[PDB]
Every structure is written in structure tokens, then in C-alpha cells.
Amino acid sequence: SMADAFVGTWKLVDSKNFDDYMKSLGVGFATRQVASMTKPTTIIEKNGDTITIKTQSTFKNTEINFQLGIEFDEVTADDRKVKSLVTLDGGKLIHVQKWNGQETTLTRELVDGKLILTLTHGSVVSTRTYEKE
């Protein structure tokens, strides 16, 4: 499936408005200070219909395991306890998180060999560019 092309190890090389995105979510000053400095590595694995996404950095590490279209519980890096759903739309992996009546969407797409992660919360949009190792 289109999800197979995402498999690999990816390193952050560019970031726009991630602090705005964290501030919109309610991430505090001290975590924002450090998180703005991180250049995470994301490792994406797929085993049959189970997809694993690890995000790793010197600050915080996260891991999620999911199947497309099946809701799962997630505890985000900023300790939101969210209900999450990931689906494929064309070539885009769309990850929607919901908590406390709020919602944010993390979209992953391959563009010219790079992984573009778009983070949307309300009107705030952050774009994170990852390069394959």
C-alpha cells in the first residue's frame, strides 16, 4: 500500500512554526525552549497491517503502534491523553488526535523523496521536513 513508502529512518532538516504549534497546544515555556532545539529522528516500520512510528530525540522519545482506520489511545510527547486515528488519503498518512474537546491533525506525505510532516491545530500550521537516512 501507499504506507510502505514511509518505512525508514528520517531525520529533521527543516522546521517552520513548531513553537507556534506547541504554544497553540498548551505546551509550557520550559518544554517549548528545549523542544524547539531538538532535531528528532523518526523511525517508521510496517509489519503487515501494523505500523509503528517512533520519534526520538535527546529530550523526549515517543512510540505509537496502530492499524489504519482503527482508533487507539495515545499519550503524546507533551502528555496529552488523546484518542487517535490514522488513515491513508491518497499518498498522505493522516493522524488525527482528540482530547478535551480539541483536535489536531498530523499529516505525513512524501514530496520529492522527503517526508513532509504538517501539524495543524486550529489556524496554526507547522511544517517539519524530514530526510531519509
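For every residue, the number given is its place in the sequence shown, counted from 1.
As listed in the deposited structure, the average C-alpha B-factor of 91-99 and of 31-39 is greater for 31-39. Between 56-64 and 81-89, the higher mean Cα B-factor belongs to 56-64. Across the residues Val124, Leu25, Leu12, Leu117, the deposited record lists the maximum Cα B factor for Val124. Split the chain's modelled residues into thirds by C-alpha temperature factor. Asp73 is in the middle one.
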